[PDB]
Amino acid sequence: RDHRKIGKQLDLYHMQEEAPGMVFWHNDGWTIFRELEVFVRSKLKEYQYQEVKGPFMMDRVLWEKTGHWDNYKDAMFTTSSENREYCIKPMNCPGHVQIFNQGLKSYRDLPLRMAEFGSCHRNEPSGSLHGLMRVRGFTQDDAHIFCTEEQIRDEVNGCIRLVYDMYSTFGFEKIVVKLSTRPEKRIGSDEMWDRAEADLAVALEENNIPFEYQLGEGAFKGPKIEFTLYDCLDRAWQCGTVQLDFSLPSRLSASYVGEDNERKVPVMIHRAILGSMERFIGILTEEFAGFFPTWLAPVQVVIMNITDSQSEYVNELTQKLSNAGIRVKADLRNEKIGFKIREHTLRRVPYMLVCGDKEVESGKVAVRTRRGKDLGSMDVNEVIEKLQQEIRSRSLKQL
């Protein structure tokens, strides 16, 4: 169960010293990554997020206005052009505020939920880099929610359900939630921090969530929540973060018209659910040890002939499955059928369709699974509908 070894074994990705901490996503690893995006998007639709894309670098003077420059300038890559210094973005937050600031906002536009699969780069020490887990370039399932003070409970609610709904899809049902203890140096009124804390307290009670407090210092900009999942090995992984923010929107001159016709500053809620998706993919690789569920499997079906007689039939099938939206490949090589079956089993391909002479005469296929289960000869349309149901439901298990 080593995601770097399995990654090489299944041709998912690679890295090289030329781009330390930066992932070369091969076709099959990119297939997994994009199937995560579709999943995230399907929940974005459900909970009504926008999806945006911001620029990959922005003026240094802007980053200095966030206040992150002072604290974290050592972690940001910098480049210049025409005697102007830019920073490769390490976070998507300022960009989203930039999009919010276009056009006059009123209370009726809030809550405004803005999501981005944003690529960010940090200048991590090369010695801390480890596979997909600790990298320099990553994409996170980022989002930022702009809302009034009164909306914090309802919004945090939505983040909480989102965390548990998504993690369960992967088979993660053991989840620890840690609140944060407020620092002595913080931004925002004492009054502002205690109403928000009541909103957080009421939201956690509502979802019946036992929370611990985090023993270290919290964030200076607002209350913060972290979610930790446990995998089948009972290992703890911290992925979800919900970070209330009373500092960035005032610093970047965000405002909206309230019902009282007054320019208030909106509250910002930063939230990721999976965290870094490169990291998350590593986690899934170890969780399943390379036996990806059908919907995540890079290749879902391989169809094989026994001799060249059945070769035309297989190509028919491969196209027929591919029009049905199944990642399928035809294996017409000059190897014997046991060799093909063992080989595609070692490569963790979920289903394997064998086409002997009786299969062609019959309009069916012999089905073997990557666990060695023999499901017998089944109608072609039957295999298609069953496979589609498993894909769309994102079943963790097979037939």
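Residue numbers run from 1 along the displayed sequence.
Between 162-170 and 258-266, the higher mean Cα B-factor belongs to 258-266. For the pair 194-202 and 215-223, the mean Cα B-factor is higher in 215-223. Comparing the C-alpha B-factors of 110, 324, 179, 152 in the entry, the top value falls on 179. Note on the listed residues 32, 349, 40, 354: the highest Cα temperature factor in the record is that of 354. Ranked by Cα temperature factor within the chain, residue 234 sits in the middle third according to the deposited record. When the modelled residues of the chain are ordered by their C-alpha B factor, residue 70 lands in the highest third. Residue 364: CA B factor in the highest third of modelled residues in this chain (values from the PDB entry). When the modelled residues of the chain are ordered by their C-alpha B factor, residue 313 lands in the highest third. When all modelled residues of the chain are sorted by CA temperature factor, residue 358 is found within the highest third.
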